[PDB]
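> Below you will find the structure I want to go over with you.
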Amino acid sequence: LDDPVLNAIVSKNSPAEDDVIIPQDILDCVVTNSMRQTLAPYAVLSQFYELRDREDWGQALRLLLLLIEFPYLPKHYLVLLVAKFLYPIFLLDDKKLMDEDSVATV
Amino acid sequence: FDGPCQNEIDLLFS
């Protein structure tokens, strides 16, 4: 949601991305802001979005599951992540091969 | 591991 959040988490503590942060034309904090620790679960959601755009289905699924399993994310964000992301994109998932372990943990 | 660590200590105190 919007772009300055987006920008800042994905540019990390390296000068990556040319996308200016906030409504300012500054490149200054596009070489800083590596959403980590507390912002780590939040960082991982924005990155899951980057991965769809850079056409990964494998690493994309993986990031989405990681957050679903995390017991310190709310329980009420169950039906929300699966309904919007996993449910339409049923095909892409279906193509991929899932073992006994991944299925049982989910 | 980062996120788990910090929150896991936080519950234990609480």
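Scheme for the structure tokens: letters A, B, ... for chains in order shown; per-chain residue numbers from 1; ligand numbers from 1 in order shown.
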Skip region 1-11 of chain B itself and residues of its chain fewer than 5 positions away, then list as a compact mmCIF listing (two decimals) with N, CA, C and O atoms, in the first residue's frame all residues within 8 Å of it, counting only C-alpha atoms.

# COMPACT_ATOMS: atom_id res chain seq x y z
N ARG A 36 13.89 -4.58 9.57
CA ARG A 36 14.44 -5.79 10.19
C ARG A 36 13.87 -5.74 11.58
O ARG A 36 13.07 -4.82 11.90
N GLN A 37 14.14 -6.89 12.40
CA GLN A 37 13.55 -7.21 13.63
C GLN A 37 12.06 -7.06 13.68
O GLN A 37 11.33 -7.96 13.23
N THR A 38 11.53 -6.00 14.35
CA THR A 38 10.21 -5.61 14.65
C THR A 38 9.43 -5.44 13.31
O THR A 38 8.29 -5.88 13.15
N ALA A 40 10.56 -6.72 10.44
CA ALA A 40 10.82 -7.92 9.69
C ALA A 40 9.59 -8.62 9.23
O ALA A 40 9.64 -9.04 8.09
N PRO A 41 8.52 -8.82 10.04
CA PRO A 41 7.37 -9.54 9.42
C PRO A 41 6.68 -8.69 8.33
O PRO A 41 6.32 -9.17 7.26
N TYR A 72 2.99 -15.03 16.14
CA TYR A 72 2.95 -13.75 16.80
C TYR A 72 2.30 -12.78 15.81
O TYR A 72 2.10 -11.56 16.11
> Near residue 69 (chain A), within 9 Å and counting only C-alpha atoms, which residues show up once chain neighbours fewer than 4 positions away are dropped, as a PyMOL selection string?
chain A and resi 64-65+73+105-106
> Could you turn the residues from that selection into a file that holds N, CA, C and O atoms, as a PDB file, in the first residue's frame?

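Wrote it out as selection_29.pdb, contents follow:
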ATOM      1  N   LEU A  64       4.834 -16.168   1.945  1.00  0.00           N
ATOM      2  CA  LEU A  64       3.470 -16.113   2.336  1.00  0.00           C
ATOM      3  C   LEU A  64       3.144 -17.146   3.401  1.00  0.00           C
ATOM      4  O   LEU A  64       2.430 -16.860   4.362  1.00  0.00           O
ATOM      5  N   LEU A  65       3.721 -18.382   3.221  1.00  0.00           N
ATOM      6  CA  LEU A  65       3.599 -19.421   4.238  1.00  0.00           C
ATOM      7  C   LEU A  65       4.327 -19.091   5.525  1.00  0.00           C
ATOM      8  O   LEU A  65       3.991 -19.511   6.629  1.00  0.00           O
ATOM      9  N   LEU A  73       1.831 -13.345  14.627  1.00  0.00           N
ATOM     10  CA  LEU A  73       1.052 -12.529  13.747  1.00  0.00           C
ATOM     11  C   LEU A  73      -0.302 -12.878  14.231  1.00  0.00           C
ATOM     12  O   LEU A  73      -0.510 -14.041  14.653  1.00  0.00           O
ATOM     13  N   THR A 105       1.990 -29.325   8.381  1.00  0.00           N
ATOM     14  CA  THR A 105       2.358 -28.161   9.140  1.00  0.00           C
ATOM     15  C   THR A 105       1.369 -27.044   8.893  1.00  0.00           C
ATOM     16  O   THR A 105       0.920 -26.344   9.816  1.00  0.00           O
ATOM     17  N   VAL A 106       0.936 -26.715   7.632  1.00  0.00           N
ATOM     18  CA  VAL A 106      -0.008 -25.744   7.169  1.00  0.00           C
ATOM     19  C   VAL A 106      -1.378 -26.036   7.793  1.00  0.00           C
ATOM     20  O   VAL A 106      -2.133 -25.155   8.239  1.00  0.00           O
TER      21      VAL A 106
END
> Could you give me the residues within chain A that DSSP places in helix (DSSP H, G or I), as a ChimeraX atom specification?
/A:4-11,37-53,58-69,78-86,90-95,100-105
> If we count only C-alpha atoms and set the cut-off at 10 Å, which residues sit around residue 22 (chain A), ignoring sequence neighbours fewer than 2 positions away in its own chain? Please answer as a list in words.
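Listed by chain and then number, they are residues 2, 3, 4, 5, 6, 7, 8, 19, 20, 24, 25, 26, 27, 29 and 30 of chain A.
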> Hey, can you spit out that residue selection with N, CA and C atoms as a PDB file, in the first residue's frame?

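Contents of result32.pdb, freshly written:
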ATOM      1  N   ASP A   2       0.459   2.273  -0.809  1.00  0.00           N
ATOM      2  CA  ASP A   2       1.185   3.386  -1.430  1.00  0.00           C
ATOM      3  C   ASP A   2       2.573   2.962  -2.012  1.00  0.00           C
ATOM      4  N   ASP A   3       3.605   3.796  -1.848  1.00  0.00           N
ATOM      5  CA  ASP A   3       4.921   3.497  -2.379  1.00  0.00           C
ATOM      6  C   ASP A   3       6.118   3.823  -1.501  1.00  0.00           C
ATOM      7  N   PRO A   4       6.062   4.757  -0.555  1.00  0.00           N
ATOM      8  CA  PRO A   4       7.222   5.138   0.231  1.00  0.00           C
ATOM      9  C   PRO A   4       7.608   4.021   1.190  1.00  0.00           C
ATOM     10  N   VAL A   5       6.637   3.318   1.771  1.00  0.00           N
ATOM     11  CA  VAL A   5       6.807   2.098   2.578  1.00  0.00           C
ATOM     12  C   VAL A   5       7.566   1.094   1.893  1.00  0.00           C
ATOM     13  N   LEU A   6       6.977   0.770   0.718  1.00  0.00           N
ATOM     14  CA  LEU A   6       7.360  -0.137  -0.299  1.00  0.00           C
ATOM     15  C   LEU A   6       8.764   0.004  -0.679  1.00  0.00           C
ATOM     16  N   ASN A   7       9.097   1.243  -1.145  1.00  0.00           N
ATOM     17  CA  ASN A   7      10.426   1.699  -1.472  1.00  0.00           C
ATOM     18  C   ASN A   7      11.461   1.479  -0.438  1.00  0.00           C
ATOM     19  N   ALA A   8      11.156   1.979   0.751  1.00  0.00           N
ATOM     20  CA  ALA A   8      12.060   1.949   1.830  1.00  0.00           C
ATOM     21  C   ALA A   8      12.438   0.548   2.266  1.00  0.00           C
ATOM     22  N   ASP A  19      14.071   4.253  -6.937  1.00  0.00           N
ATOM     23  CA  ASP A  19      12.792   4.800  -6.478  1.00  0.00           C
ATOM     24  C   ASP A  19      12.973   5.679  -5.279  1.00  0.00           C
ATOM     25  N   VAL A  20      12.760   7.050  -5.372  1.00  0.00           N
ATOM     26  CA  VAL A  20      12.876   8.007  -4.356  1.00  0.00           C
ATOM     27  C   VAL A  20      11.904   7.675  -3.271  1.00  0.00           C
ATOM     28  N   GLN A  24       9.464  13.182  -1.376  1.00  0.00           N
ATOM     29  CA  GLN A  24      10.633  13.994  -1.595  1.00  0.00           C
ATOM     30  C   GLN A  24      11.327  13.203  -2.677  1.00  0.00           C
ATOM     31  N   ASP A  25      12.159  13.984  -3.419  1.00  0.00           N
ATOM     32  CA  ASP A  25      13.007  13.585  -4.508  1.00  0.00           C
ATOM     33  C   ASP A  25      14.367  13.023  -3.933  1.00  0.00           C
ATOM     34  N   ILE A  26      14.506  12.941  -2.571  1.00  0.00           N
ATOM     35  CA  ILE A  26      15.691  12.481  -1.994  1.00  0.00           C
ATOM     36  C   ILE A  26      15.941  11.008  -2.277  1.00  0.00           C
ATOM     37  N   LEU A  27      17.232  10.734  -2.624  1.00  0.00           N
ATOM     38  CA  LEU A  27      17.787   9.411  -2.773  1.00  0.00           C
ATOM     39  C   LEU A  27      18.463   9.034  -1.449  1.00  0.00           C
ATOM     40  N   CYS A  29      17.755   8.322   1.784  1.00  0.00           N
ATOM     41  CA  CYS A  29      17.401   7.228   2.715  1.00  0.00           C
ATOM     42  C   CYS A  29      16.981   6.018   1.819  1.00  0.00           C
ATOM     43  N   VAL A  30      17.496   5.899   0.585  1.00  0.00           N
ATOM     44  CA  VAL A  30      17.196   4.860  -0.329  1.00  0.00           C
ATOM     45  C   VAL A  30      18.452   4.081  -0.373  1.00  0.00           C
TER      46      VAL A  30
END
> Using only C-alpha atoms, can you tell me which of A:15, A:71, A:23, A:58 comes closest to chain B?
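Distance minimum relative to chain B lands on A:71.
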> What does the distance between CA of residue 50 (chain A) and CA of residue 100 (chain A) come to in Å, to one decimal place?
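Distance reported for this atom pair: 28.7 Å.
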> Which of these residues is nearest to chain B, using only C-alpha atoms: A:1, A:9, A:43, A:16?
A:43
